[PDB]
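Visitor: Next input, structure requested:
(one chain, ligands or ions: 4)
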Amino acid sequence: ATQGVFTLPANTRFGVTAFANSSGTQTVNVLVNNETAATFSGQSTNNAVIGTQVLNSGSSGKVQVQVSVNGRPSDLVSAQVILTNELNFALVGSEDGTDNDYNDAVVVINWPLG
Ligand SMILES: *C(=O)C[C@@H]1O[C@@H](C)[C@@H](O)[C@@H](O)[C@@H]1O
Ligand SMILES: [Ca+2]
Ligand SMILES: [Ca+2]
Ligand SMILES: [Ca+2]
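Guide: Residues are numbered from 1 along each chain as shown. Ligands and ions are numbered 1, 2, ... in the order given. Below is the structure in question.
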């Protein structure tokens, strides 16, 4: 199935944060209105926070996460979790290789803010 795609409430602020756990340099693209709105990059095997940003979910609310390592797209896994009918997490893991730990870039989207 498609992974890394989340429908947020439209025109709404959200946080997006990426962590790295791989020998390979991660490039994380966050898309709003179907175009890259933020790019994070780094190289860490100790969960470095390679980027964090506040974005707006855009006209449709559709937010997409894509991850690449040396120009090759990583395989994604994702889910959305809601606590007390109010607090939202959109979660992405990604795999750049063969060990299937899916932590090579980890992305956490959260809303509402403020
Ligand atoms: C290459 O070594 C594979 C790569 O980096 C490792 C250190 C480990 O984090 C693995 O999950 C990642 O795919
Ligand atoms: Ca891996
Ligand atoms: Ca890893
Ligand atoms: Ca608050």
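Visitor: Which residue is the nearest non-sequential neighbour of residue 103?
Guide: residue 21 (4.2 Å; CB to CB, 6 or more residues apart in numbering). Yep, even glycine has a C-beta here, placed from its N, CA and C like the rest.
Visitor: now do the same end-to-end measure for stretch 81-95.
Guide: Stretch 81-95 has an end-to-end distance of 21 Å (criterion: CA to CA, to the nearest Å).
Visitor: Now it: buried residues?
Guide: Within stretch 81-95, the residues scored as buried using 16 or more other CB atoms under 10 Å are 88, 90-95.
Visitor: residues from this structure in reach of ligand 1?
Guide: Applying CB under 6 Å from any ligand atom, we find that the chain lies next to ligand 1 at 21-24, 45, 96-97, 99, 101, 104.
Visitor: Filter those down to the buried ones, ChimeraX style.
Guide: Buried subset of these, written as a ChimeraX selection, criterion 16+ other CB under 10 Å:
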select :21,22,24,96,104
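Visitor: so which of the residues of the chain next to ligand 1 also contact ligand 2?
Guide: Restricting these to those near ligand 2 by CB under 5 Å from the ion leaves 97, 99, 101, 104.
Visitor: now those in a markdown table, with secondary structure?
Guide: Listed next are those as a markdown table, based on DSSP: H, G, I helix; E, B strand; the rest coil:
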| residue | secondary structure |
| --- | --- |
| 97 | coil |
| 99 | coil |
| 101 | coil |
| 104 | coil |
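Visitor: near ligand 3, which of those show up?
Guide: Restricting those to those near ligand 3 by CB under 5 Å from the ion leaves 101, 104.
Visitor: distance of the nearest residue to residue 104 once chain neighbours are set aside from residue 28?
Guide: In space, and not counting its chain neighbours, residue 104 is closest to residue 22: 3.7 Å by CB to CB, 6+ apart. Distance of residue 22 to residue 28, computed by CB to CB, to the nearest Å: 12 Å.
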